[PDB]
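There are 2 protein chains.
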Amino acid sequence: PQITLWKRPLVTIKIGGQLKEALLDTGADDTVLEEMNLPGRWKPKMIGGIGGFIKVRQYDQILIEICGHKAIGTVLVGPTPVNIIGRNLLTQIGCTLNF
Amino acid sequence: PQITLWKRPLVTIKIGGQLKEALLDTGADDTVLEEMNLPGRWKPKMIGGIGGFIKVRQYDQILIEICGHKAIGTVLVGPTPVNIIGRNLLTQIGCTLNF
Ligand SMILES: CCC(CC)CN(C[C@@H](O)[C@H](Cc1ccccc1)NC(=O)O[C@H]1CO[C@H]2OCC[C@H]21)S(=O)(=O)c1ccc2ncsc2c1
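Line by line, the protein sequences are chains B and A.
Going by the deposited numbering, the first sequence opens with residue 1, and the numbers climb by one from there.
Going by the deposited numbering, the second sequence opens with residue 1, and the numbers climb by one from there.
So, in structure tokens, the structure goes:
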């Protein structure tokens, strides 16, 4: 699909058996999801943005389906106010900026 | 142009007659630039990011050229970690997401 930016680029994703709404975010290096109880091993990490840093849990090789396009990579879980699909997964679904 | 996302989508902008580097950030509602001097009036504003809220100076109707594409809109100036171009200006240059 083609997504205009009049409104936030929110799309439905599937992760860990759950459906969620997430932002297609070209400004996010990594993918950050709202707090969720994923299984498996993880590593602590801190990511910075406007307002400072938040502490997140890094899970590796996590499958996410973004509007039917499958992807697998690193997913950070923490107290983010928004589900954020970052460039690590946007590349995998063939997403591009165009103007 | 068509921009892939294997690298951070950085572009050169011209604002107030000065060239700068900025990040095309579809996850940002607004455009936020690092501390700089801008001519004209400004109002104190607050914006929230992943790490909290910050104080910014809001400049309205500012000319900004992004990759030779002209835009005129609101530009916030404050302690952002990176110069980001938000949807308020991305829409003006006809920017869309495509996958
Ligand atoms: C460093 C570049 C920007 C921050 C400057 C990075 N952000 C992604 C943005 O898209 C962020 C994503 C975002 C969206 C909404 C709430 C919190 C974060 N949006 C944002 O902060 O926009 C602000 C300006 O306009 C306002 O509209 C949204 C908030 C305001 S982020 O959320 O902080 C982020 C995401 C993954 C990541 N991986 C390593 S660092 C890192 C930082």
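Even for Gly, the Cβ is constructed at its ideal location relative to N, Cα and C.
Query raised in the report: What are the boundary residues of the beta strand (DSSP E) that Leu89(B) is part of?
Result: Taken as a continuous stretch (DSSP letters only), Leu89(B) belongs to no beta strand (DSSP E), being part of the alpha helix (DSSP H) at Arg87 to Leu90.
Query raised in the report: the region 31 to 51 of chain A: which residues have C-beta closer than 8 Å to a C-beta of chain B, in chain order?
Result: Of all residues in the region 31 to 51 of chain A, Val32, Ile47, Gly48, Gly49, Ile50 and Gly51 have a Cβ within less than 8 Å of some Cβ in chain B.
**Report entry** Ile13(B) beta carbon less than 7 Å from that of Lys7(B)
**Finding:** No, the Cβ-Cβ distance between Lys7(B) and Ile13(B) is not below 7 Å.
Query raised in the report: CB of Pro79(A) to nearest heavy atom of ligand 1: below 6 Å?
Result: It does not: the Cβ of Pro79(A) is nowhere closer than 6 Å to a heavy atom of ligand 1.
Query raised in the report: Is the Cβ-Cβ distance between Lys43(A) and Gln58(A) less than 7 Å?
Result: In contact: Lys43(A) and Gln58(A) (Cβ atoms closer than 7 Å).
Requested in this report: Drop a sphere of 10 angstroms on the beta-carbon of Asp30(B), count the other beta-carbons inside from all chains shown, and report buried for 16 or more, exposed for fewer.
Outcome: By the C-beta density criterion, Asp30(B) is buried, having at least 16 other C-beta atoms within 10 angstroms.
Query - DSSP three-state assignment for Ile84(A), whether helix, strand or coil - result: Three-state DSSP puts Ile84(A) in a strand.
Query raised in the report: Going by other Cβ atoms of all chains shown within 10 Å of its Cβ, with 16 needed for buried, is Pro9(A) buried or exposed?
Result: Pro9(A) comes out buried.
Query - Among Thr4(A), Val11(A), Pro1(A) and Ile54(A), nearest to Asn83(A) - alpha-carbon criterion - result: Of all alpha-carbon atoms in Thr4(A), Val11(A), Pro1(A) and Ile54(A), the one lying nearest the alpha-carbon of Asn83(A) is that of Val11(A).
Query raised in the report: Closer than 7 Å, CB to CB, is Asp60(A) near chain B or not?
Result: No, no contact with chain B.
Query raised in the report: Leaving out the 5 sequence neighbours to the left and right, which residues in its chain are closer than 6 Å to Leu89(A) when beta-carbon positions are compared?
Result: The answer, listed in chain order, is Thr31, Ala71 and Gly73.
Query raised in the report: Helix, strand or coil for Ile66(A) per DSSP?
Result: Note: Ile66(A) maps to strand in three-state DSSP.
Report task. Using a cut-off of 9 Å between C-beta atoms, extract the partners of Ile3(B) located in chain A. Result -> Proximity of chain A to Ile3(B) at the Cβ level (cut-off 9 Å) is accounted for by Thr26, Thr96, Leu97, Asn98 and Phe99, in chain order.
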